[PDB]
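Report on one structure; see the data block that follows.
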Amino acid sequence: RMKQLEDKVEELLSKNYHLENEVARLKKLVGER
Amino acid sequence: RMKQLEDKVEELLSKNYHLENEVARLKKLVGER
Amino acid sequence: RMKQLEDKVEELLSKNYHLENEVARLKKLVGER
């Protein structure tokens with residue numbers, strides 16, 4: 001169960017990094033509107 | 001400890017899912033400009 | 001390993017909260033029409 005949680009935290013970490021880049025991009029696009 | 005971590009990873013997983021749906025929606029509403 | 005996972009999920013939980021506030025703001029700025 002611990003290895004599985006580790007694998008899941010790793011993908012959530014990567015998803016979080018992506019979302020931050022997307023949110024930063026949207027902030028700027030919403031800015032331009 | 002493990003039950004607590006499981007609960008917390010679930011919380012983050014469902015929060016992440018909600019944010020990604022909203023961000024996907026906003027990308028479309030904002031468009032290119 | 002367990003302490004390390006716990007520490008990482010704590011960090012991600014706070015990062016997720018920040019992104020939710022940003023997304024909430026953008027939803028409002030973008031609007032319904």
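In the structure tokens, the first chain shown is A, the next is B, and so on; residue numbers restart at 1 for each chain, and ligands run from 1 in the order shown.
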Write out, as a tab-separated table, each residue of chain B that has an atom at most 7 Å from chain A, together with the closest pair of atoms and their distance in Å to one decimal, counting only C-alpha atoms, rows going by chain and rising number.
residue	atom	partner	partner_atom	distance
B:13	CA	A:12	CA	7.0
B:27	CA	A:26	CA	6.9
B:30	CA	A:30	CA	6.6
B:33	CA	A:29	CA	5.9
Coordinates of chain A after Cα superposition on chain C, as a JSON list (two decimals) with N, CA and C atoms, in the first residue's frame:
[["chain", "number", "residue", "atom", "x", "y", "z"],
["A", 1, "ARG", "N", 11.07, 6.94, 4.55],
["A", 1, "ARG", "CA", 10.10, 7.13, 3.45],
["A", 1, "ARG", "C", 8.80, 7.79, 3.91],
["A", 2, "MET", "N", 8.37, 7.48, 5.13],
["A", 2, "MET", "CA", 7.17, 8.08, 5.71],
["A", 2, "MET", "C", 7.28, 9.59, 5.97],
["A", 3, "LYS", "N", 8.39, 10.04, 6.57],
["A", 3, "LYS", "CA", 8.65, 11.49, 6.75],
["A", 3, "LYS", "C", 8.62, 12.25, 5.43],
["A", 4, "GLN", "N", 9.24, 11.66, 4.43],
["A", 4, "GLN", "CA", 9.28, 12.22, 3.09],
["A", 4, "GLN", "C", 7.88, 12.36, 2.48],
["A", 5, "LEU", "N", 7.07, 11.32, 2.60],
["A", 5, "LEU", "CA", 5.66, 11.37, 2.17],
["A", 5, "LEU", "C", 4.86, 12.42, 2.93],
["A", 6, "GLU", "N", 5.11, 12.52, 4.22],
["A", 6, "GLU", "CA", 4.48, 13.56, 5.06],
["A", 6, "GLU", "C", 4.79, 14.96, 4.57],
["A", 7, "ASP", "N", 6.05, 15.19, 4.24],
["A", 7, "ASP", "CA", 6.53, 16.48, 3.72],
["A", 7, "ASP", "C", 5.85, 16.76, 2.39],
["A", 8, "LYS", "N", 5.77, 15.75, 1.54],
["A", 8, "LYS", "CA", 5.13, 15.91, 0.24],
["A", 8, "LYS", "C", 3.61, 16.15, 0.34],
["A", 9, "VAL", "N", 2.93, 15.49, 1.27],
["A", 9, "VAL", "CA", 1.47, 15.68, 1.45],
["A", 9, "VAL", "C", 1.21, 17.10, 1.96],
["A", 10, "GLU", "N", 2.10, 17.60, 2.80],
["A", 10, "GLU", "CA", 2.01, 18.97, 3.29],
["A", 10, "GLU", "C", 2.13, 19.99, 2.16],
["A", 11, "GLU", "N", 3.06, 19.78, 1.24],
["A", 11, "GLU", "CA", 3.13, 20.71, 0.12],
["A", 11, "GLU", "C", 2.00, 20.56, -0.88],
["A", 12, "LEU", "N", 1.50, 19.34, -1.07],
["A", 12, "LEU", "CA", 0.34, 19.10, -1.95],
["A", 12, "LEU", "C", -0.92, 19.75, -1.34],
["A", 13, "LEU", "N", -1.04, 19.67, -0.02],
["A", 13, "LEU", "CA", -2.13, 20.35, 0.67],
["A", 13, "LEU", "C", -2.09, 21.85, 0.42],
["A", 14, "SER", "N", -0.92, 22.45, 0.55],
["A", 14, "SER", "CA", -0.75, 23.87, 0.30],
["A", 14, "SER", "C", -0.98, 24.26, -1.15],
["A", 15, "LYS", "N", -0.50, 23.44, -2.08],
["A", 15, "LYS", "CA", -0.76, 23.66, -3.51],
["A", 15, "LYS", "C", -2.25, 23.57, -3.82],
["A", 16, "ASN", "N", -2.94, 22.62, -3.21],
["A", 16, "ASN", "CA", -4.38, 22.46, -3.37],
["A", 16, "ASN", "C", -5.16, 23.67, -2.87],
["A", 17, "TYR", "N", -4.82, 24.17, -1.69],
["A", 17, "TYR", "CA", -5.39, 25.45, -1.19],
["A", 17, "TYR", "C", -5.20, 26.61, -2.18],
["A", 18, "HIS", "N", -3.99, 26.74, -2.71],
["A", 18, "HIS", "CA", -3.73, 27.76, -3.72],
["A", 18, "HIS", "C", -4.57, 27.61, -4.96],
["A", 19, "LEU", "N", -4.67, 26.38, -5.48],
["A", 19, "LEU", "CA", -5.42, 26.11, -6.71],
["A", 19, "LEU", "C", -6.89, 26.43, -6.54],
["A", 20, "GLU", "N", -7.43, 26.13, -5.37],
["A", 20, "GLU", "CA", -8.82, 26.47, -5.08],
["A", 20, "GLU", "C", -9.08, 27.97, -5.16],
["A", 21, "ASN", "N", -8.19, 28.76, -4.58],
["A", 21, "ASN", "CA", -8.28, 30.22, -4.68],
["A", 21, "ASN", "C", -8.15, 30.69, -6.13],
["A", 22, "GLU", "N", -7.22, 30.11, -6.88],
["A", 22, "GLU", "CA", -7.07, 30.44, -8.31],
["A", 22, "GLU", "C", -8.30, 30.07, -9.12],
["A", 23, "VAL", "N", -8.84, 28.88, -8.89],
["A", 23, "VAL", "CA", -10.03, 28.43, -9.62],
["A", 23, "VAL", "C", -11.21, 29.33, -9.31],
["A", 24, "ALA", "N", -11.36, 29.74, -8.05],
["A", 24, "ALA", "CA", -12.45, 30.64, -7.63],
["A", 24, "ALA", "C", -12.30, 32.00, -8.30],
["A", 25, "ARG", "N", -11.08, 32.49, -8.35],
["A", 25, "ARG", "CA", -10.77, 33.72, -9.06],
["A", 25, "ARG", "C", -11.08, 33.64, -10.57],
["A", 26, "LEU", "N", -10.73, 32.52, -11.21],
["A", 26, "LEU", "CA", -10.98, 32.33, -12.64],
["A", 26, "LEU", "C", -12.45, 32.20, -12.98],
["A", 27, "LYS", "N", -13.19, 31.47, -12.13],
["A", 27, "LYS", "CA", -14.64, 31.36, -12.28],
["A", 27, "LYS", "C", -15.26, 32.75, -12.39],
["A", 28, "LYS", "N", -14.83, 33.66, -11.52],
["A", 28, "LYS", "CA", -15.36, 35.02, -11.52],
["A", 28, "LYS", "C", -14.93, 35.82, -12.74],
["A", 29, "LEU", "N", -13.67, 35.68, -13.14],
["A", 29, "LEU", "CA", -13.15, 36.37, -14.32],
["A", 29, "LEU", "C", -13.80, 35.86, -15.60],
["A", 30, "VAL", "N", -14.06, 34.55, -15.66],
["A", 30, "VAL", "CA", -14.71, 33.94, -16.83],
["A", 30, "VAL", "C", -16.16, 34.39, -16.88],
["A", 31, "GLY", "N", -16.79, 34.44, -15.71],
["A", 31, "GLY", "CA", -18.06, 35.15, -15.52],
["A", 31, "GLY", "C", -18.17, 36.55, -16.13],
["A", 32, "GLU", "N", -17.16, 37.38, -15.88],
["A", 32, "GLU", "CA", -17.16, 38.76, -16.37],
["A", 32, "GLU", "C", -16.98, 38.82, -17.89],
["A", 33, "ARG", "N", -16.34, 37.80, -18.47],
["A", 33, "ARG", "CA", -16.14, 37.74, -19.94],
["A", 33, "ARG", "C", -17.46, 37.44, -20.65]]
